[PDB]
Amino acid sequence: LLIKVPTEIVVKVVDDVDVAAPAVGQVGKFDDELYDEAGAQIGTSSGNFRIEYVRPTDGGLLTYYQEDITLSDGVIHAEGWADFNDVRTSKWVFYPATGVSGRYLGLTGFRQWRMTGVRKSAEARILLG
């Protein structure tokens, strides 16, 4: 299973992140609404993140994301690591996704997204098995 999300709108974000010069300790809390091709809302997401350390091999700004994505037909939890340098230069990021209820029960896999507008939009994929 692949759920494509061409339009993920961030409706509320609260954060002390400097997108131009992010740093360890900066945090964020977001609410998103998830849209398919037609423009039908297929779900929402509530989550947060914290920029946690500077990785020594490349100066990656390793950030930890947690979120609950509530779709029409079940909840998906997702959690893990991304480099904020990728987030902020519009590269794809990813981290594990676990089916919690509904049709997603027993499916696991991965939550992927790419920023298309700062503090406002992204495209996403959810890939499960």
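Quick note: we count residues from 1 along the sequence shown, nothing fancier.
query = Comparing 45 to 53 with 32 to 40, which has the greater mean CA B-factor as deposited?
reply = Mean C-alpha B-factor is greater for 32 to 40.
request  = Tell me which of 14 to 22 and 101 to 109 has the higher mean C-alpha B-factor in the deposited entry.
outcome  = Per the PDB entry, the higher value belongs to 101 to 109.
Member of 72, 63, 85, 66 with the greatest C-alpha B factor (per the PDB record) = So the option with the highest C-alpha B-factor is 72.
message = Could you place residue 3 in the lowest, middle or highest third of its chain by Cα temperature factor, using the values in the record?
response = Its C-alpha B-factor belongs to the highest third of this chain's values.
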